[PDB]
Amino acid sequence: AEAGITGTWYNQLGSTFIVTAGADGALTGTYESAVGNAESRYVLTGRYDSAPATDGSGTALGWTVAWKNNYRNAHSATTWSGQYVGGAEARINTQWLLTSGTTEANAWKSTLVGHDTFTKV
Amino acid sequence: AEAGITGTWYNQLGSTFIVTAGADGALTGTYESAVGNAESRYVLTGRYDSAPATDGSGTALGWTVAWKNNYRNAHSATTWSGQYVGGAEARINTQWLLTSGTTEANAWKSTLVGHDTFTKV
Amino acid sequence: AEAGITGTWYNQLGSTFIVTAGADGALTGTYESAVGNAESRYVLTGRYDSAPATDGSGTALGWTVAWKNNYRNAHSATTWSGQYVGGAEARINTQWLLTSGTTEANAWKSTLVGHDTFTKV
Amino acid sequence: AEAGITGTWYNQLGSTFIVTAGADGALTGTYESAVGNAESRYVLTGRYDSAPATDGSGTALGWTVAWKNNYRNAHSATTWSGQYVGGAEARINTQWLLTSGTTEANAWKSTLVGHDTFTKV
Amino acid sequence: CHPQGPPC
Amino acid sequence: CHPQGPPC
Amino acid sequence: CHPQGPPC
Amino acid sequence: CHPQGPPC
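Method of determination for the deposited model, per the PDB record: X-ray crystallography, at 2.0 Å resolution.

Here it is in structure tokens:
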């Protein structure tokens, strides 16, 4: 549900993700690194299915972070695509793509790929 | 920079993307599918680097569409991650991930991967 | 090491993978599904780094299975790319791409993506 | 079918691929890198569907190169997964994954993803 | 026929 | 039931 | 030390 | 300069 998704989630690396889910499908919030730290904080925006299917199917969702804030600029951006599964131990299972801004000659190896699982613990 | 990303774009399958780049790094607009049609329009939201490394590097960016509107719901969401490259013929080159909501037993096959190039019109 | 890789490995779905690693870099063996079963068995072939780096860096490796045998033909093929990490609890961490043979109109969604961890237990 | 896949092919970056398709589904040959050169040749091994679904569907296939030979060792391996499409201008369309051996702390960024199209010569 | 694909 | 997936 | 990775 | 790339 939207308020199921709404909260503070942690991944297996220590990163914290804080999200608000709106009734019509909007996703907004903050991402921060270095298992805390002061301005290791970046802005995120996304979308999710606000009307999921009614057997035990997960809720599809996705979001983007560009890696620039008032203190740093890493000239890159990441997108995460996955689904939410509720219950007693709610989870968000994802895969992600990280693209860096490059020169033409370095375009062939601009993008990394990976996977993250987020929980509330 | 914001100005150059703002406009109407099209990919090789004949889809339409309409976008505005804001001064704080924000992206907003509309994605249109099956060769236009009246409303097979969906909302998109994303982020880009607003102070790019400049000499001849691309600008990193990304966005999400959740495939639900007032007429249809496909219970899935796609994320595109890539770079903007200016010039006389401006281009966006991307890689994308599409995830569908599934039951536990079918989660191993929930995600498709691919690539699109967009031309500004 | 080659004989570190040599053995029987199991993934999180119950699939069994049996491999022989040769001294010069060759990888050969059998893959089978349905947590056992009779001819759920398919042939695999691959390559690995036979001379890894000397700090605690993993050994890079990859392999292919085409899904046809004497009893079935699913007209698809999977490749796995990852690295081996040894010690008391040795593991193989991978990501995979599955491509199906399609008609031109279905080429846009021919490929799925995922990740698998294999252990000896 | 085997005959049509056998031959010399080239991609958009100027790399060479030389391959033989055997009757049991096997693939063997050589990959050449930086615009030919004498030995920047590496061994490849793969698998294809030898009894394709035929009307106008592609043939599914895949292969691996580990980047070590008698002159260089890059401590990495790439896998390509895609389809063969016959005609007057035969093509192989692929997506690929490249993994490098890393220490634990850097495993989150070990894999690059991309795409290549090959033309028969 | 998914809306990201061609008329399908 | 594709052969890479679970019992089906 | 890219901001998506661990403490560095 | 990785051998999968162009002369780099």
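Just checking my understanding: could you explain the pairing of strand β6 (residues 73–85) of chain B for this structure?
For a regular strand, side-chain orientation follows a simple rule: the groups alternate between the two sheet faces. Residue and element names in this part refer to chain B. Two strands pair when backbone bridges link them, and strand β5 (residues 59–68) and β6 are joined in this way by nine bridges, in the antiparallel orientation. In the sheet register, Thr-64 faces β6, and the bridge partner there is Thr-79. Note that β6 and strand β7 (residues 91–100) share ten bridges and pair antiparallel. Residue pairing in the sheet places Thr-78 in a bridge with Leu-98 of β7.

Which parts of the structure should I look at to understand the relation of the copies chain B and chain A?
Turning one copy of the chain about an axis and sliding it along that axis gives the other copy, so a rotation and a shift relate them. Mapping chain B onto chain A leaves a residual RMSD of 0.6 Å; the transformation is a rotation of 180° accompanied by 0.1 Å of translation along its axis. Interpreted geometrically, this transformation is the action of a two-fold axis. The residues that chain B uses at the interface reappear at the interface of chain A in 98% of cases, marking a shared surface.

How do you make sense of the arrangement of the chains when you look at a structure like this?
Between chain D and chain E there is no contact, and the shortest C-alpha to C-alpha separation is 16 Å. In this structure chain G stays clear of chain H, and the shortest span between their C-alpha atoms is 22 Å.

Would you take a moment to explain the packing of aromatic side chains for this structure?
Remark: the centre distance and the inter-plane angle together describe each pair of aromatic rings, the angle taken between the planes. Residue and element names in this part refer to chain C. Under the criterion given, the structure shown has 40 aromatic pairs over all chains. Plain terms: the ring middles of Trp-9 and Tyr-84 are 6.4 Å apart, the flat faces sit at 85° to each other, and that makes the pair edge-to-face. Here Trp-9, found in strand β1 (residues 7–11), pairs with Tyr-84, found in strand β6 (residues 73–85); they are 75 residues apart in sequence, far enough to count as distant. Each member of the pair, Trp-9 as well as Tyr-84, is classed as buried.

What counts and how
- A chain's residues are numbered here from 1, following its sequence as written, a convention that may not match the entry; residues for which no coordinates exist are omitted.
- Chain letters and ligand numbers both follow the written order, the letters beginning at A and the numbers at 1.
- Note: side-chain values were computed over all heavy atoms of the structure, leaving out hydrogens and water.
- Note on pairing: two strands pair once DSSP finds at least 2 bridges between them.
- Each helix is a run of DSSP H or I of at least 4 residues and each strand a run of E of at least 2, with the numbering of both proceeding from the N terminus.
- Structural superposition of the copies relies on a least-squares fit of C-alpha atoms.
- We call two residues in contact whenever any of their non-hydrogen atoms come within 4.5 Å of each other.
- Put simply, two rings from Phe, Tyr or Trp (the six-membered ring, in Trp's case) pair if the centres are within 6.5 Å, and we call them stacked under 30 degrees between planes, edge-to-face over 60, tilted for the rest.
- The cut-offs for exposure are 20% and 50% of the maximum accessible area for each residue type, with area from a 1.4 Å probe on protein chains only; residues under the lower value are buried, those over the upper are exposed, and the others partly exposed.

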